[PDB]
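What follows is a single structure, written as structure tokens, with notes after it.
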Amino acid sequence: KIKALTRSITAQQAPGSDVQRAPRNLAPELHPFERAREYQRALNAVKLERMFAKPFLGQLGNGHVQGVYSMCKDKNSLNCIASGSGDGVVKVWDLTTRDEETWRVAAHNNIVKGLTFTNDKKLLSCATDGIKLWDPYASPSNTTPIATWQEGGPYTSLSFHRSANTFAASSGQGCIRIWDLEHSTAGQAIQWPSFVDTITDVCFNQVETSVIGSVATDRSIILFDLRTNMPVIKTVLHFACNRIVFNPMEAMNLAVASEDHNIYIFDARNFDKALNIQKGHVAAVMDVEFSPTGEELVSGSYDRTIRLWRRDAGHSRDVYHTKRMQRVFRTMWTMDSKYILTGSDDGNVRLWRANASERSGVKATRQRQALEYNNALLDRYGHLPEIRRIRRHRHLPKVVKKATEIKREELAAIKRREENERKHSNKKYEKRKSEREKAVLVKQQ
Amino acid sequence: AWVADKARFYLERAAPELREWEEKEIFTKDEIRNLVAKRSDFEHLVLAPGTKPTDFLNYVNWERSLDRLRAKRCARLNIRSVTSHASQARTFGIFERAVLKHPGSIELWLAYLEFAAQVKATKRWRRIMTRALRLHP
Amino acid sequence: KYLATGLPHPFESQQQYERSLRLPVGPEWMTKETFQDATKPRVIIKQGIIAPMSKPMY
Amino acid sequence: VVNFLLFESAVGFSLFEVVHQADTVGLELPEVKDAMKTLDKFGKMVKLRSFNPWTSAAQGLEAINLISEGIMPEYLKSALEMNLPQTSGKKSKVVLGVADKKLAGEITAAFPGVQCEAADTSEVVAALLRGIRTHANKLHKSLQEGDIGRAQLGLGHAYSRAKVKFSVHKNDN
Amino acid sequence: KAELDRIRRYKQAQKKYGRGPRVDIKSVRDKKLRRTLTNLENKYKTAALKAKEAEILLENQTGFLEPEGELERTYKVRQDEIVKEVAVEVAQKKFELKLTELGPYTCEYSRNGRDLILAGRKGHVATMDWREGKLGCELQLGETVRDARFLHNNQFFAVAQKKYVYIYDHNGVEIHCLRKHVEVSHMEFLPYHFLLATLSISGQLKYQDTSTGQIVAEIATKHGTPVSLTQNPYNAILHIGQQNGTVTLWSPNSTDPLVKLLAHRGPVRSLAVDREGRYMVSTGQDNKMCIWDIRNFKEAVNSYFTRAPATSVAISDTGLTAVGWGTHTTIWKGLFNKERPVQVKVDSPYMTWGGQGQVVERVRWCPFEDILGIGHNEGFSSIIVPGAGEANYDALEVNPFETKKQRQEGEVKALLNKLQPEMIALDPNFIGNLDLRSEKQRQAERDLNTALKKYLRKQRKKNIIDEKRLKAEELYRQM
RNA sequence: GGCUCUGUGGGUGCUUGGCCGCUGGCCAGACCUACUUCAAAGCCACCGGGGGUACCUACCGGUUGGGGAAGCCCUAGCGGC
RNA sequence: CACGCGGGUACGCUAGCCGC
């Protein structure tokens with residue numbers, strides 16, 4: 001009963017067709033060096049993403065004259081940005097045509113501290129002058145405001161409601177005050193009962209409406225319930241916090257960018273300990289912003305750096321820097337959650353991208369499958385030594401590198417002093433307090 | 001043309017029904033090799049660049065005749081466990097990528113409506129009828 | 001240099017991690033359906049306004 | 001964010017349904033421009049939803065002499081009634097993309113639930129209709145009876161002659 | 001019950017495609033780790049199950065022959081009977097080249113079996129596409145030829161001349177000669193690394209990276225001239241076989257041999273090793289051949305005897321082996337089954353090629369067809385044997401009908417995934433395992449009467465006094 | 001009838017058979033897988049010239065921790081040098 | 001919850017009672 005294996009070339013091409021038939025056998029005897037070949041592909045993927053990591057995309061227009069000290073997106077639209085500079089001129093940009101501004105006005109005298117968009121089409125801006133309202137999208141251009149507000153002390157920041165026409169302005173008298181447009185004139189001033197220090201930032205929670213967070217120069221965060229108009233809880237941290245922000249997918253999580261060079265991710269129900277502590281900076285953190293997918297963070301720092309973070313990381317995914325970028329004051333995502341914008345002290349609004357090596361547009365299937373395969377392979381073999389050193393290597397400027405070496409030396413010295421005092425003092429018979437628990441000094445109601 | 005990598009999915013989807021038919025005594029192993037070769041030739045003809053509505057209809061007719069043959073053989077061998085749902089699902093898949101590729105062919109639209117009406121799919125028939133009326137008003 | 005110097009963060013045991021990787025991801029060793037299901041990303045971002053969530057889903 | 005888009009050509013008007021819409025921040029990027037060039041990476045964006053051809057060259061002539069003047073025709077209103085989901089804009093709208101601003105205003109005034117984006121104002125729908133005008137021969141070829149070249153030729157001649165009144169005072173041949 | 005077939009299917013798929021025991025989810029103490037590892041165990045289980053279910057779409061069938069009657073036996077089957085009973089597209093491949101005047105010939109196929117190279121001893125090196133019958137190259141070279149070998153494609157080949165090795169292009173135009181490799185008697189090309197490993201007559205083993213062109217590691221095998229050389233296709237370690245009668249396992253990351261399997265009393269004459277890396281059959285100068293389990297490093301069965309010191313042995317893609325001794329080769333079928341834990345001896349050979357006065361120099365299997373090429377002193381002779389050859393190839397790894405565009409793309413992908421030569425060990429899946437010493441040191445820097453006499457015997461010789469020894473002296477005084 | 005080209009056989013060295021697991025067999029082949037006591041002595045082993053030497057390798061000398069062939073002795077032992 | 005083949009109440013049809 002003789003029979004041998006006969007292979008026609010019909011098994012490679014059927015006659016009359018251009019389709020090269022590719023028969024596949026998945027038996028492991030045919031495919032040797034599985035783990036080794038996958039390690040080599042992961043190493044190639046790391047070197048490829050370090051080669052095609054090109055994050056700078058552009059710059060919005062000619063920029064400002066003095067530095068960009070406030071900027072705000074439109075959370076309803078997708079290409080409406082505005083930025084107010086230090087000489088008190090605001091500009092409304094359209095992200096589709098970045099060649100020139102859409103609407104500019106010499107708004108105030110001093111710097112523009114806060115700025116926001118209304119939910120209809122209009123925008124608001126703070127100063128030490130007092131807050132103003134403009135209509136940047138009108139068939140004649142109008143430089144003059146259509147409402148202004150001076151009573152209520154020196155205002156510092158704005159935050160608009162998600163749905164209604166309500167907005168809260170953080171003032172310098174220790175209160176925030178809440179206006180509803182079209183039927184309120186002076187607004188309602190909510191404050192902690194005996195509070196003096198200025199409230200620096202204010203942020204409506206976009207998920208849970210009528211919950212307002214604020215930071216203040218008492219190194220404290222304070223909450224506010226708008227439904228019963230009173231403050232709620234106040235916790236004093238160790239260092240001053242520059243900016244509060246909330247998570248757009250999880251209603252209870254917040255992040256404070258603080259002068260401790262640090263980002264603290266807190267739970268609003270239990271202010272006992274920080275949920276996460278992102279520590280990567282060199283100078284103070286000026287601005288933090290969650291991604292609209294709620295899983296990443298941008299922080300613009302007071303040195304020349306933007307740091308991109310995952311939500312559970314605790315260390316930098318990316319760092320962005322430039323010799324032309326002078327300081328960084330305001331960083332925020334676009335609503336794509338793909339590109340980030342950076343308002344600097346050079347007067348420039350720059351448009352970077354998150355996922356620096358991932359190009360946009362429509363990909364073919366064998367293109368995006370290669371990219372997803374490389375990302376899954378790096379998720380598996382990213383902790384091996386060669387792959388680790390090439391994926392962590394990033395070129396930092398000399399001042400930032402020297403100062404983070406100095407910061408590592410000082411932190412190691414402080415840890416050694418604390419460990420020696422623990423080993424030779426009476427604190428030896430105690431449990432070590434965790435660092436997330438050490439992040440909060442006191443909490444009070 | 002990534003047609004080999006494209007048809008790999010449809011063959012790997014049709015595989016476990018062939019495993020059930022081999023573990024029952026309904027189709028023998030040489031007949032299942034013939035079914036594999038015929039479905040492979042049909043998929044590599046269907047997902048080709050230069051294709052035709054008559055090619056899509058030949059594949060539809062072959063899959064539907066395979067379902068009818070397995071129904072006759074299952075009733076003859078007295079099995080009730082084997083169902084026709086996977087064959088109807090893959091025939092609907094053939095027809096959906098058929099009307100994706102050639103939407104301007106009323107012969108293929110009417111064959112799709114005849115198939116969806118014949119295997120008792122009234123709501124699906126109404127949706128197919130709405131798409132056909134939108135393309136050929 | 002191809003061995004791993006320490007355990008990765010979530011893993012608690014050498015047997016756990018060295019037995020949890022265990023299977024190649026690539027298309028040579030796994031089927032097409034398995035390769036797609038194993039290299040789907042965790043967060044799938046489509047284009048558009050990613051607005052914050054209005055009402056509770058669950 | 002676009003949902004559907006109109007596209008009028010000399011053989012008729014067809015409305016496409018966008019899936020995997022275009023990135024609006026990286027519109028001036030070279031990779032996205034190459035995606036708009038290649039048909040294999042723009043047909044992933046557009047999928048042909050409906051097609052309405054003319055009945056005759058007289059209807060095509062009436063179609064241009066209404067559309068260029070701005071006013072929408074009754075059969076365009078008919079095909080939009082047929083293809084768009086019937087809504088009024090109180091809790092859910094449909095974004096349509098059209099090439100002309102006056103036609104946008106009229107479609108929005110005829111259907112209150114359809115918000116129209118003009119290609120003269122919006123760069124996203126401008127680039128998207130530009131890609132459809134680029135690949136318009138291949139997106140329609142499964143139901144393109146004949147060609148588009150002779151249709152555009154005869155229709156441009158009929159439109160120009162109706163605008164000029166050519167035959168009533170050209171007689172010397 | 002009806003689910004017994006389901007449990008048998010899962011046991012079979014966990015055996016074959018599982019590549020490991022399983023993760024014990026019950027011992028995991030962390031909750032998020034427990035649910036993510038349960039998710040991973042579900043995904044790996046359905047992975048192995050879907051691969052086993054998609055092993056039905058294999059096209060071809062494995063060839064065979066089985067004796068019908070009780071008197072008929074498989075080794076008495078003539079090649080004329082095979083050629084009469086078999087199909088014509090595979091009966092075409094049973095040819096014979098009659099090249100008499102230019103030495104005993106040496107056959108080597110390319111690793112898809114498209115082109116074969118045959119080299120005479122006195123110089124005649126030719127490269128042909130043996131199915132399509134055209135020759136790509138033929139050249140005469142003058143001096144002697146030790147071994148000819150294809151490289152990664154059928155484009156480049158490499159010939160071992162009287163002093164150096166030379167690598168040549170597809171037309172036979174000599175690209176270059178390798179001067180570091182002097183008196184090379186044996187060569188083996190690792191396919192996945194791009195290394196070409198040459199044993200000289202002096203016993204020096206040089207690994208030259210073919211892609212970049214620098215010799216990676218010159219190992220000097222300290223004992224004797226080597227008699228034979230083969231290459232494990234699963235580990236890419238080199239089984240060389242010495243003259244005192246041991247085979248030694250070599251790797252470019254060590255100057256000592258990895259193991260040394262003690263073998264036949266005389267020199268080992270030839271080696272062969274399975275493509276799954278399971279077993280190795282060796283034939284010695286003492287007339288025995290014997291097989292070894294490689295994954296456990298022990299002898300599987302008793303020594304078979306060959307009736308002459310076997311010049312070559314080469315085992316197929318399935319279980320067949322051709323052991324070519326003297327002037328006629330014999331093919332054995334069931335020497336090492338993978339499934340059996342304890343192997344049994346085969347009584348009779350599978351089939352025998354005839355002894356008609358042509359001394360066999362080298363037998364090789366065509367890697368994907370069911371034939372066998374014997375290179376002997378009268379030339380080349382291809383015989384057809386039905387049971388051999390892997391019936392179902394994978395078009396991504398290696399393709400018997402590879403077009404020009406597919407060959408170019410595959411060569412570039414193999415260049416991109418060439419493996420560094422430090423990724424060679426006895427177990428090739430170690431990449432990602434624990435450095436146990438480094439993990440113990442990491443956990444240490446995170447959490448921070450019979451031997452104590454030989455301790456002092458070892459530390460009285462330094463003569464550093466070293467206060468731990470003072471404590472040990474006080475302890476010894478108390479004892 | 002002639003030139004040219006090609007093919008086969010013999011010759012171009014002094015005549016002792018075709019094959020094999022060869023003191024015997026076979027040319028129609030036959031039988032098929034046994035039998036086993038003790039791995040191995042050392043040395044040599046061809047790359048063009050001048051130069052560099054971080055890393056790898058070779059050679060030489062060491063260092064920590066283990067390991068104990070062998071040599072020596074005896075209070076005899078789970079011994080000791 | 002139902003999805004195959006028969007005889008039924010009933011067909012230019014398949015809705016309903018029991019089986020194979």
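In the structure tokens, chains take the letters A, B, ... in the order shown, each chain's residues start at 1, and ligands count up from 1 in the order shown.
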Problem set entry | For residue 136 (chain D): contacts at 10 Å, only C-alpha atoms (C1' of nucleotides), fewer than 6 positions along chain excluded, given as a PyMOL selection string | chain D and resi 7+9+129-130+148
Exercise. Which residues of chain A are close to chain D, meaning at most 7 Å apart when you count only C-alpha atoms, and how do they look as a ChimeraX atom specification?
Worked result: /A:95-96,360-364
Produce a file of the selected residues containing N, CA and C atoms, as a CSV table (one decimal), in the first residue's frame.
chain,number,residue,atom,x,y,z
A,95,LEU,N,-7.6,75.2,15.8
A,95,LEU,CA,-6.6,74.2,15.6
A,95,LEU,C,-6.5,73.7,14.2
A,96,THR,N,-7.5,73.9,13.4
A,96,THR,CA,-7.5,73.4,12.0
A,96,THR,C,-6.6,74.4,11.2
A,360,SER,N,-0.6,59.3,13.5
A,360,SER,CA,-2.0,59.3,13.4
A,360,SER,C,-2.5,58.9,12.0
A,361,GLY,N,-3.8,59.2,11.7
A,361,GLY,CA,-4.3,58.9,10.4
A,361,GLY,C,-4.8,57.4,10.4
A,362,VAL,N,-5.3,57.1,9.2
A,362,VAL,CA,-5.8,55.7,9.0
A,362,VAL,C,-4.7,54.8,8.6
A,363,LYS,N,-4.6,53.7,9.3
A,363,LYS,CA,-3.5,52.7,9.1
A,363,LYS,C,-4.1,51.5,8.4
A,364,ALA,N,-3.3,50.9,7.5
A,364,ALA,CA,-3.7,49.6,7.0
A,364,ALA,C,-3.6,48.6,8.1
Compile the contact shell of residue 187 (chain A) as a PDB file with N, CA and C atoms, in the first residue's frame: residues with an atom at most 10 Å away, counting only C-alpha atoms (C1' of nucleotides), same-chain residues fewer than 4 positions apart removed.
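Saved result, out.pdb, follows:
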ATOM      1  N   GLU A 151     -16.424  93.376  41.572  1.00  0.00           N
ATOM      2  CA  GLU A 151     -16.631  93.181  42.998  1.00  0.00           C
ATOM      3  C   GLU A 151     -16.443  91.721  43.370  1.00  0.00           C
ATOM      4  N   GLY A 152     -15.718  91.490  44.457  1.00  0.00           N
ATOM      5  CA  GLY A 152     -15.453  90.139  44.903  1.00  0.00           C
ATOM      6  C   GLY A 152     -13.979  89.869  45.091  1.00  0.00           C
ATOM      7  N   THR A 166     -23.427  77.838  34.595  1.00  0.00           N
ATOM      8  CA  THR A 166     -22.873  78.226  35.877  1.00  0.00           C
ATOM      9  C   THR A 166     -21.356  78.232  35.781  1.00  0.00           C
ATOM     10  N   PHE A 167     -20.709  79.165  36.472  1.00  0.00           N
ATOM     11  CA  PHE A 167     -19.264  79.080  36.611  1.00  0.00           C
ATOM     12  C   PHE A 167     -18.818  79.646  37.942  1.00  0.00           C
ATOM     13  N   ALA A 168     -17.688  79.143  38.412  1.00  0.00           N
ATOM     14  CA  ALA A 168     -17.127  79.541  39.690  1.00  0.00           C
ATOM     15  C   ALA A 168     -15.793  80.214  39.452  1.00  0.00           C
ATOM     16  N   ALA A 169     -15.604  81.368  40.071  1.00  0.00           N
ATOM     17  CA  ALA A 169     -14.341  82.078  40.017  1.00  0.00           C
ATOM     18  C   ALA A 169     -13.696  82.033  41.389  1.00  0.00           C
ATOM     19  N   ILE A 176     -14.586  81.331  46.939  1.00  0.00           N
ATOM     20  CA  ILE A 176     -14.942  81.201  45.537  1.00  0.00           C
ATOM     21  C   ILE A 176     -16.322  81.809  45.403  1.00  0.00           C
ATOM     22  N   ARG A 177     -16.657  82.301  44.227  1.00  0.00           N
ATOM     23  CA  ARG A 177     -18.016  82.773  44.045  1.00  0.00           C
ATOM     24  C   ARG A 177     -18.576  82.290  42.724  1.00  0.00           C
ATOM     25  N   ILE A 178     -19.858  81.966  42.761  1.00  0.00           N
ATOM     26  CA  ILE A 178     -20.518  81.169  41.750  1.00  0.00           C
ATOM     27  C   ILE A 178     -21.568  82.040  41.096  1.00  0.00           C
ATOM     28  N   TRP A 179     -21.470  82.190  39.786  1.00  0.00           N
ATOM     29  CA  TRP A 179     -22.463  82.897  39.003  1.00  0.00           C
ATOM     30  C   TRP A 179     -23.237  81.907  38.157  1.00  0.00           C
ATOM     31  N   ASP A 180     -24.497  82.220  37.916  1.00  0.00           N
ATOM     32  CA  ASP A 180     -25.250  81.622  36.831  1.00  0.00           C
ATOM     33  C   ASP A 180     -25.472  82.717  35.808  1.00  0.00           C
ATOM     34  N   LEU A 181     -25.092  82.465  34.559  1.00  0.00           N
ATOM     35  CA  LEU A 181     -25.271  83.481  33.537  1.00  0.00           C
ATOM     36  C   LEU A 181     -26.751  83.701  33.263  1.00  0.00           C
ATOM     37  N   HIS A 183     -29.173  85.107  34.686  1.00  0.00           N
ATOM     38  CA  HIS A 183     -30.015  85.566  35.787  1.00  0.00           C
ATOM     39  C   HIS A 183     -29.265  85.687  37.113  1.00  0.00           C
TER      40      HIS A 183
END
For this session: Write out as a ChimeraX atom specification every residue belonging to chain B that has an atom at most 9 Å from any atom of chain E, counting only C-alpha atoms.
Result: /B:11-13,15-16,18-19,23,32-33,36-37,40
Selected residues, C-alpha atoms, written as a PDB file, in the first residue's frame, please.
ATOM      1  CA  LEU B  11     -11.060  29.099   7.541  1.00  0.00           C
ATOM      2  CA  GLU B  12     -10.125  29.165  11.240  1.00  0.00           C
ATOM      3  CA  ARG B  13     -13.723  30.139  12.008  1.00  0.00           C
ATOM      4  CA  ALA B  15     -12.758  24.751  11.564  1.00  0.00           C
ATOM      5  CA  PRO B  16     -14.605  23.761  14.818  1.00  0.00           C
ATOM      6  CA  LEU B  18     -15.625  20.453  10.966  1.00  0.00           C
ATOM      7  CA  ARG B  19     -14.193  19.145  14.236  1.00  0.00           C
ATOM      8  CA  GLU B  23     -16.057  13.591  16.025  1.00  0.00           C
ATOM      9  CA  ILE B  32     -13.701  16.603   5.410  1.00  0.00           C
ATOM     10  CA  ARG B  33     -10.400  17.123   3.579  1.00  0.00           C
ATOM     11  CA  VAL B  36     -11.554  22.029   3.603  1.00  0.00           C
ATOM     12  CA  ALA B  37     -10.050  22.256   0.109  1.00  0.00           C
ATOM     13  CA  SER B  40     -10.299  27.242   0.891  1.00  0.00           C
TER      14      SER B  40
END
Exercise. Near region 4-14 of chain G, within 10 Å and counting only C-alpha atoms (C1' of nucleotides), which residues show up once chain neighbours fewer than 6 positions away are dropped, as a ChimeraX atom specification?
Worked result: /B:71-72,74-76,78-84 /G:20
Problem set entry | DSSP strand (DSSP E or B) residues within region 112-318 of chain E, listed as a PyMOL selection string | chain E and resi 115-119+125-129+134-139+148-150+157-160+165-168+174-178+184-189+195-200+204-209+215-220+228-231+238-241+246-250+260-262+268-273+279-284+288-293+298-299+304-305+310-315
Interface rows for chain F against chain E: nearest pair, Å to one decimal, 7 Å, only C-alpha atoms (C1' of nucleotides), as JSON lines:
{"residue": "F:19", "atom": "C1'", "partner": "E:356", "partner_atom": "CA", "distance": 6.0}
{"residue": "F:21", "atom": "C1'", "partner": "E:307", "partner_atom": "CA", "distance": 5.2}
{"residue": "F:32", "atom": "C1'", "partner": "E:348", "partner_atom": "CA", "distance": 5.1}
{"residue": "F:33", "atom": "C1'", "partner": "E:347", "partner_atom": "CA", "distance": 5.3}
{"residue": "F:39", "atom": "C1'", "partner": "E:262", "partner_atom": "CA", "distance": 6.2}
{"residue": "F:40", "atom": "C1'", "partner": "E:244", "partner_atom": "CA", "distance": 5.6}
{"residue": "F:45", "atom": "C1'", "partner": "E:202", "partner_atom": "CA", "distance": 5.1}
{"residue": "F:47", "atom": "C1'", "partner": "E:180", "partner_atom": "CA", "distance": 4.8}
Would you kindly report the residues of chain A within 12 Å of chain E, using only C-alpha atoms, as a short mmCIF file (atom, residue, chain, number, x, y, z; two decimals) with N, CA and C atoms, in the first residue's frame?
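Below is the file that was written, iface_1.cif:
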data_model
loop_
_atom_site.label_atom_id
_atom_site.label_comp_id
_atom_site.auth_asym_id
_atom_site.auth_seq_id
_atom_site.Cartn_x
_atom_site.Cartn_y
_atom_site.Cartn_z
N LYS A 1 0.83 -1.20 0.00
CA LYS A 1 0.00 0.00 0.00
C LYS A 1 0.86 1.25 0.00
N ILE A 2 1.49 1.53 -1.13
CA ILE A 2 2.47 2.60 -1.26
C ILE A 2 1.73 3.88 -1.58
N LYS A 3 2.06 4.96 -0.88
CA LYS A 3 1.57 6.29 -1.19
C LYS A 3 2.57 7.29 -0.65
N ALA A 4 3.07 8.17 -1.51
CA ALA A 4 3.98 9.22 -1.10
C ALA A 4 3.29 10.57 -1.22
N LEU A 5 3.86 11.57 -0.56
CA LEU A 5 3.23 12.89 -0.54
C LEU A 5 3.55 13.62 -1.84
N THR A 6 2.51 14.03 -2.54
CA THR A 6 2.64 14.74 -3.79
C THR A 6 2.19 16.17 -3.54
N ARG A 7 3.05 17.12 -3.88
CA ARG A 7 2.72 18.53 -3.77
C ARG A 7 2.67 19.13 -5.16
N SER A 8 1.48 19.52 -5.58
CA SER A 8 1.38 20.37 -6.73
C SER A 8 1.70 21.80 -6.32
N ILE A 9 1.95 22.65 -7.32
CA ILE A 9 2.08 24.08 -7.07
C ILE A 9 0.71 24.75 -7.05
N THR A 10 -0.36 23.97 -7.22
CA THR A 10 -1.70 24.44 -6.90
C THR A 10 -1.83 24.80 -5.42
N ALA A 11 -1.04 24.14 -4.56
CA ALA A 11 -0.99 24.51 -3.15
C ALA A 11 -0.30 25.85 -2.90
N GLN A 12 0.34 26.44 -3.91
CA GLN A 12 0.90 27.78 -3.75
C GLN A 12 0.10 28.82 -4.52
N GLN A 13 -0.24 28.53 -5.78
CA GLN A 13 -1.20 29.33 -6.53
C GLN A 13 -2.15 28.42 -7.27
N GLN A 20 -1.29 34.44 -3.88
CA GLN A 20 -0.29 33.51 -3.38
C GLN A 20 -0.84 32.86 -2.12
N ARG A 21 -1.23 31.60 -2.23
CA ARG A 21 -1.76 30.86 -1.09
C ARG A 21 -0.63 30.55 -0.13
N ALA A 22 -0.84 30.83 1.15
CA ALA A 22 0.18 30.61 2.18
C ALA A 22 -0.33 29.60 3.19
N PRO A 23 -0.06 28.31 3.01
CA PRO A 23 -0.51 27.32 3.99
C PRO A 23 0.35 27.36 5.24
N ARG A 24 -0.31 27.27 6.39
CA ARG A 24 0.34 27.49 7.67
C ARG A 24 0.16 26.27 8.56
N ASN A 25 1.25 25.84 9.18
CA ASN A 25 1.24 24.79 10.18
C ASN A 25 1.79 25.37 11.47
N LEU A 26 0.99 25.31 12.53
CA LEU A 26 1.32 25.93 13.80
C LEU A 26 1.99 24.98 14.77
N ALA A 27 2.51 23.86 14.29
CA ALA A 27 3.16 22.91 15.18
C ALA A 27 4.49 23.49 15.65
N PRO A 28 4.84 23.32 16.93
CA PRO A 28 6.05 23.96 17.46
C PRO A 28 7.35 23.32 16.99
N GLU A 29 7.30 22.18 16.31
CA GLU A 29 8.51 21.61 15.74
C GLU A 29 9.00 22.42 14.55
N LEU A 30 8.10 23.15 13.89
CA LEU A 30 8.47 23.91 12.70
C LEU A 30 9.01 25.29 13.03
N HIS A 31 8.76 25.80 14.23
CA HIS A 31 9.09 27.18 14.59
C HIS A 31 9.99 27.19 15.81
N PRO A 32 11.29 27.01 15.64
CA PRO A 32 12.19 27.01 16.79
C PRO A 32 12.51 28.43 17.23
N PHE A 33 13.10 28.52 18.42
CA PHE A 33 13.50 29.77 19.07
C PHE A 33 12.32 30.74 19.20
N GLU A 34 11.26 30.26 19.86
CA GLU A 34 10.07 31.08 20.05
C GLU A 34 10.37 32.27 20.94
N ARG A 35 10.86 32.01 22.15
CA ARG A 35 11.12 33.09 23.10
C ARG A 35 12.31 33.94 22.67
N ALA A 36 13.29 33.34 22.01
CA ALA A 36 14.45 34.11 21.58
C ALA A 36 14.12 35.02 20.41
N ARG A 37 13.37 34.52 19.44
CA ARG A 37 12.95 35.35 18.32
C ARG A 37 12.01 36.45 18.76
N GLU A 38 11.17 36.18 19.76
CA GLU A 38 10.31 37.24 20.27
C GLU A 38 11.09 38.27 21.07
N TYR A 39 12.15 37.86 21.76
CA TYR A 39 13.01 38.84 22.42
C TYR A 39 13.68 39.74 21.41
N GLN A 40 14.13 39.16 20.29
CA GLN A 40 14.79 39.97 19.27
C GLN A 40 13.81 40.93 18.62
N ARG A 41 12.56 40.49 18.41
CA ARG A 41 11.55 41.41 17.88
C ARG A 41 11.19 42.50 18.88
N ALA A 42 11.20 42.20 20.18
CA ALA A 42 10.93 43.24 21.18
C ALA A 42 12.06 44.24 21.25
N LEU A 43 13.30 43.78 21.10
CA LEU A 43 14.44 44.69 21.08
C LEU A 43 14.41 45.59 19.86
N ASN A 44 14.06 45.02 18.70
CA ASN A 44 13.84 45.82 17.50
C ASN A 44 12.71 46.82 17.68
N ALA A 45 11.65 46.44 18.40
CA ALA A 45 10.54 47.36 18.62
C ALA A 45 10.95 48.54 19.49
N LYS A 47 14.06 49.76 19.78
CA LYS A 47 14.95 50.62 19.00
C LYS A 47 14.19 51.38 17.92
N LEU A 48 13.12 50.78 17.38
CA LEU A 48 12.30 51.47 16.39
C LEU A 48 11.51 52.61 17.01
N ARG A 380 5.24 42.59 27.44
CA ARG A 380 5.79 41.37 28.04
C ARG A 380 7.27 41.51 28.38
N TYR A 381 8.12 41.75 27.39
CA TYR A 381 9.57 41.73 27.59
C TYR A 381 10.16 43.10 27.86
N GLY A 382 9.41 44.01 28.47
CA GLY A 382 9.96 45.34 28.69
C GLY A 382 10.88 45.46 29.88
N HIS A 383 10.97 44.43 30.71
CA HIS A 383 11.73 44.51 31.95
C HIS A 383 13.10 43.86 31.88
N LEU A 384 13.46 43.27 30.75
CA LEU A 384 14.76 42.68 30.55
C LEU A 384 15.81 43.78 30.41
N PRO A 385 17.09 43.52 30.69
CA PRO A 385 18.05 44.63 30.85
C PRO A 385 18.34 45.47 29.61
N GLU A 386 18.60 44.86 28.45
CA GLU A 386 18.88 45.62 27.24
C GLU A 386 17.68 46.44 26.81
N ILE A 387 16.52 45.79 26.76
CA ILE A 387 15.26 46.42 26.40
C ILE A 387 14.92 47.54 27.37
N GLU A 419 16.97 57.07 58.53
CA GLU A 419 17.20 55.68 58.90
C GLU A 419 18.14 55.56 60.09
N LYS A 423 17.24 53.94 63.67
CA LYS A 423 17.98 52.83 64.26
C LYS A 423 18.59 53.20 65.61
#
For this session: Using CA of residue 86 (chain A) and CA of residue 67 (chain A) as the two end points, give the distance in Å to one decimal.
Result: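 CA of residue 67 (chain A) lies at a distance of 5.5 Å from CA of residue 86 (chain A).
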For this session: Find the residues in chain C near chain B: any atom within 10 Å counts, using only C-alpha atoms. Write them as an MDAnalysis selection string.
Result: chainID C and resid 31:33
Exercise. In terms of the shortest atom-to-atom distance over only C-alpha atoms, which of B:54, B:61, B:118, B:28 is closest to residue 91 (chain B)?
Worked result: B:61
Problem set entry | residue 443 (chain E) environment, 12 Å, only C-alpha atoms (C1' of nucleotides), sequence neighbours closer than 5 positions dropped, as a PyMOL selection string | (chain C and resi 5-7) or (chain E and resi 436-438+448)
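Per DSSP on the backbone, helix (DSSP H, G or I) in region 1-55 of chain C comprises residues 14, 15, 16, 17, 18, 19, 20, 32, 33, 34, 35, 36, 37 and 38 of chain C.
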For this session: Identify all chain C residues at most 9 Å from chain D by counting only C-alpha atoms; ligands do not count. Present them as a list in words.
Result: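 Here is what falls inside 9 Å: residues 46, 47, 48 and 49 of chain C.
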